[PDB]
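**Q** Before we start, here is the structure in question, set down as structure tokens.
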Amino acid sequence: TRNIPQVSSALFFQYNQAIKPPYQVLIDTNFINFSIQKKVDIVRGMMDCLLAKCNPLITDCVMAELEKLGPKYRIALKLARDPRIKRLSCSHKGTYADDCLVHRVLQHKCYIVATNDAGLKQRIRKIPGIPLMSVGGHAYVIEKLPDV
Amino acid sequence: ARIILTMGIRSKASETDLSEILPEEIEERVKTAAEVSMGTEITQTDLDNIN
Amino acid sequence: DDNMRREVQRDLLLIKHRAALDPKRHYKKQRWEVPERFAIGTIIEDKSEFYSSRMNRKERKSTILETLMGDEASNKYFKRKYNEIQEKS
Amino acid sequence: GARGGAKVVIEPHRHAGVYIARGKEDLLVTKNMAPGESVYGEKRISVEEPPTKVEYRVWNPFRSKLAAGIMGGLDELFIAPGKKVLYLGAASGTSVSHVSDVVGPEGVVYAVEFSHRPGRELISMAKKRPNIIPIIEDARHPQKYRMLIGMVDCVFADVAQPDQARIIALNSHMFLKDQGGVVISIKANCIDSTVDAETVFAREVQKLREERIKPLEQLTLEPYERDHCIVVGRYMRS
Amino acid sequence: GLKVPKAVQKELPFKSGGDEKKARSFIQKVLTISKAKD
Amino acid sequence: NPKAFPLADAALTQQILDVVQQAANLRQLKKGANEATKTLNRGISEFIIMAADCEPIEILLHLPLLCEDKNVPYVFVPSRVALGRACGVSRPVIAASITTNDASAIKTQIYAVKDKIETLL
Amino acid sequence: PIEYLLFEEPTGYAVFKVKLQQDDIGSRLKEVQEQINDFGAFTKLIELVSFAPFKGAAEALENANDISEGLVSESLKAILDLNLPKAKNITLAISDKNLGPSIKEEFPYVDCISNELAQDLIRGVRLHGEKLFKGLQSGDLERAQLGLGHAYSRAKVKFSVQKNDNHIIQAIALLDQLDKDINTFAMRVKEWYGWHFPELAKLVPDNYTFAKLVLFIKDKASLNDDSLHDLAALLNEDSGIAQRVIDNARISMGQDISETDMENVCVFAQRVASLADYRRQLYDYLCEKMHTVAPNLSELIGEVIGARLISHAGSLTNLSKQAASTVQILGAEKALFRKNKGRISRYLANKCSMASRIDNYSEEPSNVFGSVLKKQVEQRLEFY
RNA sequence: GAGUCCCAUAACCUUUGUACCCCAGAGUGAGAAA
RNA sequence: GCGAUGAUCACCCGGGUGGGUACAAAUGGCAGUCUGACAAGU
């Protein structure tokens, strides 16, 4: 049987009319490191960027890539386990995160993705209605969120 | 129909003898079905017309 | 049944080319093949639907095509089209 | 449209126990377990078969959220011939009768309801279908009716409650097979009207997952309903 | 259409009623619109 | 236990009798038992309002059956006599129906009252 | 630390002994969960020690009530006492946490477990069912669960066979079928006996009367003054048929049929008589039930008419649910409720809808409201 | 030589007789009387 | 001394036409009752 996934009802074309404050933001492994590099620690750094309350989510994978990093990246782990950071459990065999992160926004058009890996950015750019947030310069930047 | 004449209610089915109506193997099936039956109790007002 | 009735075959042909029957009706693109097993059934109304969705006994026909024959609008609609196409041909 | 004289061709659907009636319009239909009558006034097909007059019922997708899912095009429907199904939130026989038709005489339907008033008609429907077992009891306490339900292959829950995930889990742990079917209908307004639908569905798929249900699919039921979906999942105990 | 010369056509290798009249026309009638429509 | 169940408390009735009033002004209100049934049959009823002191009560216990089949909230007020003025109409009303309209001026407090009614249920 | 497990079956109570205890730390491991599915592995965990079937249907329901309310029945107290040792404290697995305190009260020496480990064993027992009973007579659980279903669920709602209205739908269906059959067979009797004595067919047009006369007048040749008085007693002599049949029978045209032929006529005529006799009995039956089932609706319009309205809607529950306008057209094909005339027909339709609501949603409907609700229709009728 | 297995024991149409109906139909929904 | 427990709202000349529903009858229509000298064995 042929399968043609429906376009989400939360989309008027490439506007996502579902993501409204408070937001859900997924964190990528590289993002915690770069945030530490630019000293833009997690929760308020958004609050200045977005002017709205967001809910940071770390996947079982992302908590795992942070923890493959090793003793050199200890700071990222304690920041990753902040109680305000909820956890998105995963039920797929691979521990590979970039396919993990994108695949959720394929299902549900209700998340922002936090990333600085160029590996993962353009994947979100084709898919419509997925706001894309990154750390650049001195603070975070949001690309595909018109509400800003 | 002849069964209903002999037994009016499933309670009667347990002891009523169906030999002249049904063979030995069949007549015990209705007896076992009667106690594990599904239907609800019916009045004698109802039972009279069914007979 | 093997050696099926011409009446059933014509009904199947009507369903296959359902798109052309009405100008204001359009359908999803489908490659419909005759099913390996099928039956021919009739639609029965509830009594409350007597006025709304019940056609008269005289209008009823055993086979679909005859009901299409009774509809005058379909016949008028189509007589125009067949003349127009033959002029081009 | 579908008027009394109009004649239709019945051909099978991809899902076993589901059928399509062609014509000027296409109808989703299921064969009638009790020929000669309609349960909620639905429409019916009668076919002459060698000759016995077999009877088929029209499934209105607007009334039945599952049927809207079939119109939505579900890849997998665990409800199938010779399979035990536990129907939660069975308001009446509007949909359960159709589910009873899909499972067949070999199958049974365990219909669970809470409110007494809809239960009376559901019981009246239950007699006409020997395969339907009505359970007029709160689904929040599966231990109340563990006495009455044997081991079940699939669970259908259309309960419109905020705590549906807890209800689904407890019934799934007690009754559902390993690798068994889970098929839920979710409305966003009852669970959480404050936030959009999409975040709700993300939250629900999350709750199913701690409960050891592997979710397989999701379908919003537009154009038939706003802010619904049907999520299909498999219960992974091991 | 093509009119092949006979000499070429010689030298080829081998390989290369009443109610129903109303109900049989209407079929070949409807088939033409669907073909033209598509 | 009672047939008239759930019955809104003194406070909740007031907000319900409020939303009833602006609805009469905005043509969103179908009142009377049979109209409630018709709005129910077409499925345009977001929730219904009925009176607990109907004489006899039994002439409006069809509506709970219709709604619970389809998942529409319903709630009872102590007085059919009180439900009259909220409709804006010179005679008592035992049952009335507010209809679905996402294009209505008075949506926000409807969903506020509609939020409370399910909590009561 | 589990030793005994209490499992309830719709046929009865079976308690099990836990021979081996499954690993508690590794409960969520893949392999142990598979062991629950595998029958061979499970039988090593537990064994059947007892089973106490219920005596009958009544016990299963009242225990089904007791199990649900976390209560201990006399049967539960009986089975447990013989099994669990008095004993530090014997451990029993129960699916229900609420049942635990009840067991402890009766039996201070038993400690109950309902943790996931206990649930794991209980799930397996239900999975295999009677396969674990190892041949013990449990009948078969599936119909017992189904049988206990309308025993359990349908008890809580408090219906009654009083509520049941299918008595009215089948009675009206049977009544009309009888009406057709009595006419069909009776008219045949005219043809059979018409050959033998045709003009008696025209003398007594009433079909039921004719069958009786044929039963007495089997042979038109037999004509006596005493017989004339006997057939004169049949019906009345005001029509004069008693004298006509004698005068006709003397000078008649019908061809004599054989003794076997006449035997079929009276025997067939006797069959016609019985069906009419059963039909009047069923007619009186239909009247009594509606006063019991729908006193309001029956009083307003009548028994026979109301029974037809119930059948058209399909049930009394159905008729109550529709709006008034639908009810009016429900009987607009046989003129059940029938410009000024139409107003009364709708006016009666509105009140008939109410009477169905009162009858349907009242456990013991009365005719007090039906009596008055007819009276306003009478006031309505007089004004128009 | 040859269809019981699509009720010629029948389906449909026409004519005739009997009994009802021509108000809308998921009928509408606030006037009516003065 | 009212009303949401419901107010209000096909043709022709009192009659004839026209139409719908249900039942019954027709030895009324479809509708016309297959072929005809070989078969089987040593």
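If you're wondering about the labels, chains in the structure tokens are A, B, ... by order shown, residues count from 1 in each chain, ligands from 1 in order shown.
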Go through chain E and flag each residue having an atom no more than 8 Å from chain C; for those, report the closest pair of atoms plus their distance in Å to one decimal, using only C-alpha atoms, ordered by chain and rising number, as a tab-separated table.
**A**
```
residue	atom	partner	partner_atom	distance
E:23	CA	C:65	CA	7.4
E:27	CA	C:10	CA	7.3
E:29	CA	C:82	CA	6.9
E:30	CA	C:20	CA	6.3
E:31	CA	C:17	CA	6.6
E:33	CA	C:20	CA	5.6
E:34	CA	C:20	CA	4.9
E:37	CA	C:20	CA	7.2
```
**Q** Store the residues picked out above, limited to N, CA and C atoms, as a CSV table (one decimal), in the first residue's frame.
**A**
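Dumped everything to out-v9.csv:
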```
chain,number,residue,atom,x,y,z
E,23,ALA,N,-28.9,1.8,-25.1
E,23,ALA,CA,-28.0,1.5,-24.0
E,23,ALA,C,-26.6,1.0,-24.5
E,27,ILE,N,-23.0,3.8,-23.9
E,27,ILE,CA,-21.7,3.4,-23.4
E,27,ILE,C,-20.6,3.9,-24.3
E,29,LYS,N,-20.8,6.3,-26.1
E,29,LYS,CA,-20.9,7.7,-25.9
E,29,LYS,C,-20.0,8.2,-24.7
E,30,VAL,N,-20.2,7.6,-23.6
E,30,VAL,CA,-19.6,8.1,-22.3
E,30,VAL,C,-18.1,7.9,-22.4
E,31,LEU,N,-17.7,6.7,-23.0
E,31,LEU,CA,-16.3,6.4,-23.1
E,31,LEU,C,-15.5,7.5,-23.9
E,33,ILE,N,-16.1,10.9,-24.0
E,33,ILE,CA,-15.8,12.1,-23.1
E,33,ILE,C,-14.7,11.8,-22.1
E,34,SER,N,-14.7,10.6,-21.5
E,34,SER,CA,-13.7,10.3,-20.5
E,34,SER,C,-12.3,10.3,-21.2
E,37,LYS,N,-11.7,13.9,-22.0
E,37,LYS,CA,-11.5,14.6,-20.7
E,37,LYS,C,-10.1,14.4,-20.2
```
**Q** Set the cut-off to 12 Å and count only C-alpha atoms (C1' of nucleotides): what are the residues of chain H that reach chain F? Output as a ChimeraX atom specification.
**A** /H:26-31
**Q** How would the residues just picked look written out with N, CA and C atoms (P, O5', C5', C4', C3', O3' and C1' of nucleotides) as a PDB file, in the first residue's frame?
**A**
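Here's the written file result-v3.pdb:
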```
ATOM      1  P     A H  26     -35.478  17.521   4.732  1.00  0.00           P
ATOM      2  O5'   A H  26     -34.655  16.777   5.875  1.00  0.00           O
ATOM      3  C5'   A H  26     -35.084  15.519   6.384  1.00  0.00           C
ATOM      4  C4'   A H  26     -35.137  15.517   7.892  1.00  0.00           C
ATOM      5  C3'   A H  26     -35.751  16.768   8.519  1.00  0.00           C
ATOM      6  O3'   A H  26     -36.465  16.418   9.704  1.00  0.00           O
ATOM      7  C1'   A H  26     -33.528  16.517   9.279  1.00  0.00           C
ATOM      8  P     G H  27     -38.059  16.226   9.657  1.00  0.00           P
ATOM      9  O5'   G H  27     -38.581  17.525   8.897  1.00  0.00           O
ATOM     10  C5'   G H  27     -38.406  18.818   9.456  1.00  0.00           C
ATOM     11  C4'   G H  27     -38.507  19.896   8.406  1.00  0.00           C
ATOM     12  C3'   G H  27     -38.346  21.324   8.908  1.00  0.00           C
ATOM     13  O3'   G H  27     -36.987  21.702   9.048  1.00  0.00           O
ATOM     14  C1'   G H  27     -40.247  21.190   7.505  1.00  0.00           C
ATOM     15  P     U H  28     -36.481  22.453  10.375  1.00  0.00           P
ATOM     16  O5'   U H  28     -37.043  23.934  10.215  1.00  0.00           O
ATOM     17  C5'   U H  28     -36.691  24.731   9.094  1.00  0.00           C
ATOM     18  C4'   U H  28     -37.474  26.017   9.073  1.00  0.00           C
ATOM     19  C3'   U H  28     -37.396  26.854  10.341  1.00  0.00           C
ATOM     20  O3'   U H  28     -36.240  27.675  10.370  1.00  0.00           O
ATOM     21  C1'   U H  28     -39.656  26.663   9.636  1.00  0.00           C
ATOM     22  P     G H  29     -35.403  27.867  11.728  1.00  0.00           P
ATOM     23  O5'   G H  29     -36.337  28.789  12.628  1.00  0.00           O
ATOM     24  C5'   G H  29     -36.892  29.995  12.114  1.00  0.00           C
ATOM     25  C4'   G H  29     -38.071  30.450  12.937  1.00  0.00           C
ATOM     26  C3'   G H  29     -37.731  30.811  14.379  1.00  0.00           C
ATOM     27  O3'   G H  29     -38.538  31.894  14.834  1.00  0.00           O
ATOM     28  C1'   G H  29     -39.255  28.989  14.349  1.00  0.00           C
ATOM     29  P     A H  30     -37.849  33.120  15.610  1.00  0.00           P
ATOM     30  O5'   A H  30     -39.073  34.029  16.057  1.00  0.00           O
ATOM     31  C5'   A H  30     -39.874  34.702  15.093  1.00  0.00           C
ATOM     32  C4'   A H  30     -41.180  35.154  15.692  1.00  0.00           C
ATOM     33  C3'   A H  30     -41.041  35.983  16.969  1.00  0.00           C
ATOM     34  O3'   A H  30     -42.055  36.984  17.022  1.00  0.00           O
ATOM     35  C1'   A H  30     -42.300  34.035  17.419  1.00  0.00           C
ATOM     36  P     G H  31     -41.891  38.341  16.182  1.00  0.00           P
ATOM     37  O5'   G H  31     -42.956  38.181  15.007  1.00  0.00           O
ATOM     38  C5'   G H  31     -44.347  38.299  15.264  1.00  0.00           C
ATOM     39  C4'   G H  31     -45.004  36.953  15.453  1.00  0.00           C
ATOM     40  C3'   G H  31     -46.518  36.984  15.594  1.00  0.00           C
ATOM     41  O3'   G H  31     -47.182  37.040  14.344  1.00  0.00           O
ATOM     42  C1'   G H  31     -45.598  35.652  17.317  1.00  0.00           C
TER      43        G H  31
END
```
**Q** Enumerate as a ChimeraX atom specification all residues of chain B assigned to alpha helix (DSSP H) by DSSP on the backbone, naming them with the chain letters and numbers the document uses.
**A** /B:2-6,10-15,24-35,44-50
**Q** Find the residues near residue 110 (chain F): any atom within 9 Å, counting only C-alpha atoms (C1' of nucleotides), skip ones fewer than 2 places away on the same chain, and give them as a list in words.
**A**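 Selected residues are residues 16, 19, 46, 98, 106, 107, 108, 112, 113, 114 and 115 of chain F.
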**Q** Export, as an mmCIF file, in the first residue's frame, the selected residues with N, CA and C atoms.
**A**
```cif
data_model
loop_
_atom_site.group_PDB
_atom_site.id
_atom_site.type_symbol
_atom_site.label_atom_id
_atom_site.label_comp_id
_atom_site.auth_asym_id
_atom_site.auth_seq_id
_atom_site.Cartn_x
_atom_site.Cartn_y
_atom_site.Cartn_z
ATOM 1 N N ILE F 16 -23.763 30.931 33.510
ATOM 2 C CA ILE F 16 -24.511 30.292 32.433
ATOM 3 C C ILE F 16 -25.660 31.187 31.986
ATOM 4 N N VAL F 19 -24.114 33.997 29.714
ATOM 5 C CA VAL F 19 -23.801 33.634 28.330
ATOM 6 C C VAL F 19 -25.077 33.376 27.545
ATOM 7 N N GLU F 46 -22.945 23.436 20.781
ATOM 8 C CA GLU F 46 -21.716 23.348 21.567
ATOM 9 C C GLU F 46 -22.002 22.890 22.994
ATOM 10 N N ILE F 98 -27.214 26.689 23.064
ATOM 11 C CA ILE F 98 -26.252 27.584 22.436
ATOM 12 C C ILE F 98 -25.527 26.802 21.347
ATOM 13 N N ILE F 106 -18.963 36.454 21.094
ATOM 14 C CA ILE F 106 -19.087 36.110 22.502
ATOM 15 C C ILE F 106 -18.456 34.749 22.761
ATOM 16 N N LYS F 107 -17.450 34.404 21.955
ATOM 17 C CA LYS F 107 -16.862 33.069 22.018
ATOM 18 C C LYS F 107 -16.120 32.842 23.329
ATOM 19 N N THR F 108 -15.397 33.856 23.809
ATOM 20 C CA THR F 108 -14.418 33.633 24.869
ATOM 21 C C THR F 108 -15.078 33.139 26.152
ATOM 22 N N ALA F 112 -15.184 29.589 28.223
ATOM 23 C CA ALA F 112 -14.976 29.627 29.666
ATOM 24 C C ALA F 112 -16.066 28.843 30.387
ATOM 25 N N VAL F 113 -17.329 29.110 30.048
ATOM 26 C CA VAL F 113 -18.429 28.352 30.634
ATOM 27 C C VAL F 113 -18.388 26.908 30.149
ATOM 28 N N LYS F 114 -18.044 26.699 28.876
ATOM 29 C CA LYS F 114 -17.932 25.341 28.354
ATOM 30 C C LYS F 114 -16.761 24.605 28.998
ATOM 31 N N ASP F 115 -15.740 25.338 29.443
ATOM 32 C CA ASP F 115 -14.681 24.703 30.220
ATOM 33 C C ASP F 115 -15.215 24.189 31.553
#
```
**Q** Quick one: everything within 10 Å of residue 151 (chain D), counting only C-alpha atoms (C1' of nucleotides), minus sequence neighbours fewer than 3 positions away in the same chain. Send it as a list in words.
**A**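 My reading of the contact set: residues 84, 85, 86, 146, 154, 174, 175, 176 and 177 of chain D; 123, 124, 126, 127, 128, 129 and 142 of chain G.
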**Q** So that I can check the surroundings of region 97-100 of chain G, please list as a VMD selection string every protein, DNA and RNA residue that reaches within 10 Å of it, counting only C-alpha atoms (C1' of nucleotides) and ignoring chain neighbours fewer than 4 positions away.
**A** (chain D and resid 143) or (chain G and resid 66 to 72 92 to 93 104 to 105 110 to 115)
**Q** Work out how far CA of residue 23 (chain F) is from CA of residue 160 (chain D), in Å to one decimal.
**A**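 Computing the Euclidean distance for CA of residue 160 (chain D) and CA of residue 23 (chain F) yields 26.7 Å.
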**Q** Would you work out the distance separating CA of residue 136 (chain D) from CA of residue 161 (chain D), expressed in Å to one decimal?
**A** 16.5 Å
**Q** Which chain I residues are at most 12 Å from chain C (counting only C-alpha atoms (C1' of nucleotides)), as a PyMOL selection string?
**A** chain I and resi 19-21
**Q** For the selection you just gave me, I'd like the residues written to a file as a PDB file, in the first residue's frame, keeping N, CA, C and O atoms (P, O5', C5', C4', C3', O3' and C1' of nucleotides).
**A**
```pdb
ATOM      1  P     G I  19     -51.643  10.197 -13.488  1.00  0.00           P
ATOM      2  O5'   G I  19     -50.867  10.417 -12.115  1.00  0.00           O
ATOM      3  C5'   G I  19     -49.617  11.090 -12.096  1.00  0.00           C
ATOM      4  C4'   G I  19     -49.227  11.522 -10.704  1.00  0.00           C
ATOM      5  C3'   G I  19     -48.977  10.414  -9.695  1.00  0.00           C
ATOM      6  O3'   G I  19     -47.711   9.798  -9.845  1.00  0.00           O
ATOM      7  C1'   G I  19     -50.280  12.119  -8.698  1.00  0.00           C
ATOM      8  P     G I  20     -47.483   8.286  -9.350  1.00  0.00           P
ATOM      9  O5'   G I  20     -47.443   8.401  -7.762  1.00  0.00           O
ATOM     10  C5'   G I  20     -46.381   9.082  -7.109  1.00  0.00           C
ATOM     11  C4'   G I  20     -46.498   8.991  -5.609  1.00  0.00           C
ATOM     12  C3'   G I  20     -46.694   7.597  -5.032  1.00  0.00           C
ATOM     13  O3'   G I  20     -45.492   6.856  -4.940  1.00  0.00           O
ATOM     14  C1'   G I  20     -48.225   9.087  -4.025  1.00  0.00           C
ATOM     15  P     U I  21     -45.537   5.250  -4.891  1.00  0.00           P
ATOM     16  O5'   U I  21     -46.167   4.927  -3.463  1.00  0.00           O
ATOM     17  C5'   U I  21     -45.464   5.247  -2.273  1.00  0.00           C
ATOM     18  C4'   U I  21     -46.267   4.918  -1.038  1.00  0.00           C
ATOM     19  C3'   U I  21     -46.752   3.484  -0.914  1.00  0.00           C
ATOM     20  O3'   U I  21     -45.744   2.586  -0.483  1.00  0.00           O
ATOM     21  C1'   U I  21     -48.521   4.953  -0.389  1.00  0.00           C
TER      22        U I  21
END
```
**Q** Output the contact residues of chain G with respect to chain H at a cut-off of 12 Å, based on only C-alpha atoms (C1' of nucleotides), as a ChimeraX atom specification.
**A** /G:322-336,338-346
**Q** Just the selected residues (N, CA, C and O atoms), exported as a JSON list (two decimals), in the first residue's frame, please.
**A**
```json
[["chain", "number", "residue", "atom", "x", "y", "z"],
["G", 322, "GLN", "N", -36.60, 11.51, 18.83],
["G", 322, "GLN", "CA", -36.82, 12.39, 17.69],
["G", 322, "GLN", "C", -37.55, 13.66, 18.12],
["G", 322, "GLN", "O", -38.20, 13.71, 19.17],
["G", 323, "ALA", "N", -37.43, 14.70, 17.29],
["G", 323, "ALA", "CA", -38.18, 15.92, 17.49],
["G", 323, "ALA", "C", -39.65, 15.71, 17.13],
["G", 323, "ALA", "O", -40.03, 14.70, 16.53],
["G", 324, "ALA", "N", -40.48, 16.69, 17.49],
["G", 324, "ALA", "CA", -41.91, 16.56, 17.28],
["G", 324, "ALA", "C", -42.25, 16.45, 15.80],
["G", 324, "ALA", "O", -43.13, 15.67, 15.41],
["G", 325, "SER", "N", -41.56, 17.22, 14.95],
["G", 325, "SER", "CA", -41.86, 17.20, 13.52],
["G", 325, "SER", "C", -41.63, 15.81, 12.93],
["G", 325, "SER", "O", -42.42, 15.33, 12.12],
["G", 326, "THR", "N", -40.54, 15.16, 13.33],
["G", 326, "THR", "CA", -40.26, 13.81, 12.84],
["G", 326, "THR", "C", -41.34, 12.83, 13.28],
["G", 326, "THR", "O", -41.73, 11.94, 12.51],
["G", 327, "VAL", "N", -41.84, 12.98, 14.51],
["G", 327, "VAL", "CA", -42.88, 12.08, 15.00],
["G", 327, "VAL", "C", -44.14, 12.22, 14.16],
["G", 327, "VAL", "O", -44.83, 11.23, 13.88],
["G", 328, "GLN", "N", -44.47, 13.45, 13.75],
["G", 328, "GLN", "CA", -45.67, 13.66, 12.95],
["G", 328, "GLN", "C", -45.59, 12.90, 11.62],
["G", 328, "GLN", "O", -46.56, 12.26, 11.21],
["G", 329, "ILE", "N", -44.44, 12.97, 10.95],
["G", 329, "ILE", "CA", -44.27, 12.25, 9.69],
["G", 329, "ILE", "C", -44.02, 10.76, 9.90],
["G", 329, "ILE", "O", -44.11, 9.99, 8.94],
["G", 330, "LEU", "N", -43.71, 10.34, 11.13],
["G", 330, "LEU", "CA", -43.55, 8.91, 11.40],
["G", 330, "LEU", "C", -44.85, 8.15, 11.17],
["G", 330, "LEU", "O", -44.82, 6.98, 10.77],
["G", 331, "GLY", "N", -45.99, 8.80, 11.42],
["G", 331, "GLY", "CA", -47.29, 8.18, 11.21],
["G", 331, "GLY", "C", -48.09, 8.86, 10.12],
["G", 331, "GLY", "O", -49.32, 8.78, 10.11],
["G", 332, "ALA", "N", -47.41, 9.52, 9.19],
["G", 332, "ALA", "CA", -48.06, 10.22, 8.09],
["G", 332, "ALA", "C", -48.27, 9.34, 6.87],
["G", 332, "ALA", "O", -48.80, 9.82, 5.86],
["G", 333, "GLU", "N", -47.89, 8.07, 6.93],
["G", 333, "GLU", "CA", -48.10, 7.14, 5.82],
["G", 333, "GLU", "C", -49.35, 6.29, 5.99],
["G", 333, "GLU", "O", -49.92, 5.84, 5.00],
["G", 334, "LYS", "N", -49.79, 6.08, 7.23],
["G", 334, "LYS", "CA", -51.04, 5.38, 7.52],
["G", 334, "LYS", "C", -52.05, 6.27, 8.23],
["G", 334, "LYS", "O", -53.09, 5.77, 8.69],
["G", 335, "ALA", "N", -51.79, 7.58, 8.33],
["G", 335, "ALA", "CA", -52.72, 8.53, 8.94],
["G", 335, "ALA", "C", -53.03, 8.14, 10.39],
["G", 335, "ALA", "O", -54.19, 8.09, 10.81],
["G", 336, "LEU", "N", -51.98, 7.86, 11.15],
["G", 336, "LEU", "CA", -52.16, 7.44, 12.54],
["G", 336, "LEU", "C", -52.69, 8.58, 13.40],
["G", 336, "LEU", "O", -53.58, 8.37, 14.24],
["G", 338, "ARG", "N", -54.22, 11.27, 12.19],
["G", 338, "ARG", "CA", -55.33, 11.93, 11.51],
["G", 338, "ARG", "C", -56.62, 11.13, 11.66],
["G", 338, "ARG", "O", -56.83, 10.14, 10.97],
["G", 339, "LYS", "N", -57.14, 22.48, 6.34],
["G", 339, "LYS", "CA", -56.04, 23.09, 7.09],
["G", 339, "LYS", "C", -56.25, 22.88, 8.58],
["G", 339, "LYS", "O", -55.31, 22.56, 9.32],
["G", 340, "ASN", "N", -57.50, 23.07, 9.02],
["G", 340, "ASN", "CA", -57.82, 22.94, 10.44],
["G", 340, "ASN", "C", -57.55, 21.53, 10.94],
["G", 340, "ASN", "O", -57.11, 21.34, 12.07],
["G", 341, "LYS", "N", -57.83, 20.52, 10.10],
["G", 341, "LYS", "CA", -57.55, 19.14, 10.48],
["G", 341, "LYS", "C", -56.05, 18.93, 10.70],
["G", 341, "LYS", "O", -55.64, 18.24, 11.64],
["G", 342, "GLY", "N", -55.22, 19.51, 9.83],
["G", 342, "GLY", "CA", -53.79, 19.35, 9.97],
["G", 342, "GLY", "C", -53.26, 19.92, 11.28],
["G", 342, "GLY", "O", -52.32, 19.39, 11.87],
["G", 343, "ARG", "N", -53.86, 21.02, 11.74],
["G", 343, "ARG", "CA", -53.43, 21.63, 12.99],
["G", 343, "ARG", "C", -53.63, 20.67, 14.16],
["G", 343, "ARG", "O", -52.77, 20.56, 15.03],
["G", 344, "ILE", "N", -54.77, 19.98, 14.19],
["G", 344, "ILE", "CA", -55.01, 19.00, 15.25],
["G", 344, "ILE", "C", -54.02, 17.85, 15.14],
["G", 344, "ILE", "O", -53.50, 17.36, 16.15],
["G", 345, "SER", "N", -53.74, 17.40, 13.91],
["G", 345, "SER", "CA", -52.81, 16.29, 13.73],
["G", 345, "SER", "C", -51.43, 16.63, 14.27],
["G", 345, "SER", "O", -50.80, 15.81, 14.95],
["G", 346, "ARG", "N", -50.93, 17.83, 13.97],
["G", 346, "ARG", "CA", -49.66, 18.26, 14.55],
["G", 346, "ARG", "C", -49.78, 18.44, 16.06],
["G", 346, "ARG", "O", -48.87, 18.06, 16.81]]
```
**Q** Using only C-alpha atoms (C1' of nucleotides), determine which residues lie at most 8 Å from residue 162 (chain G), disregarding the query and same-chain residues fewer than 5 positions distant; provide the list as a VMD selection string.
**A** chain G and resid 292 to 293 363 to 364
**Q** Store the residues of this selection in a file with N, CA, C and O atoms, as an mmCIF file, in the first residue's frame.
**A**
```cif
data_model
loop_
_atom_site.group_PDB
_atom_site.id
_atom_site.type_symbol
_atom_site.label_atom_id
_atom_site.label_comp_id
_atom_site.auth_asym_id
_atom_site.auth_seq_id
_atom_site.Cartn_x
_atom_site.Cartn_y
_atom_site.Cartn_z
ATOM 1 N N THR G 292 -49.091 -1.306 30.539
ATOM 2 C CA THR G 292 -47.962 -1.557 31.427
ATOM 3 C C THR G 292 -46.710 -0.823 30.953
ATOM 4 O O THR G 292 -45.981 -0.234 31.762
ATOM 5 N N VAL G 293 -46.445 -0.841 29.645
ATOM 6 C CA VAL G 293 -45.199 -0.285 29.123
ATOM 7 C C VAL G 293 -45.326 1.215 28.883
ATOM 8 O O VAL G 293 -44.515 2.006 29.378
ATOM 9 N N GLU G 363 -39.245 4.462 35.227
ATOM 10 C CA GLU G 363 -39.133 3.035 35.511
ATOM 11 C C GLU G 363 -40.507 2.389 35.632
ATOM 12 O O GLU G 363 -40.703 1.245 35.205
ATOM 13 N N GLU G 364 -41.467 3.107 36.210
ATOM 14 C CA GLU G 364 -42.838 2.630 36.391
ATOM 15 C C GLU G 364 -43.792 3.718 35.905
ATOM 16 O O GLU G 364 -44.455 4.391 36.704
#
```
**Q** Select from chain F everything DSSP, run on the backbone, classes as strand (DSSP E or B), then give the selection as a ChimeraX atom specification.
**A** /F:7,29-31,45-51,74-77,95-99
**Q** Quick check: residues of chain G within 7 Å of chain F, only C-alpha atoms, returned as a list in words.
**A**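 Close to chain F, chain G has residues 320, 321, 323, 324, 354, 357, 358 and 361 of chain G.
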**Q** Would you mind listing, for every residue of chain B within 12 Å of chain D, the two atoms forming the shortest contact and the distance between them in Å to one decimal, using only C-alpha atoms, sorted by chain and ascending residue number, as a tab-separated table?
**A**
```
residue	atom	partner	partner_atom	distance
B:37	CA	D:130	CA	11.5
B:38	CA	D:127	CA	8.6
B:39	CA	D:127	CA	8.4
B:40	CA	D:127	CA	10.2
```
**Q** For chain G, list the residues within 7 Å of chain D, counting only C-alpha atoms, and write the list as a ChimeraX atom specification.
**A** /G:8-10,28-30,33-34,68,96,123,126-127,142,145-146,148-149,153,157
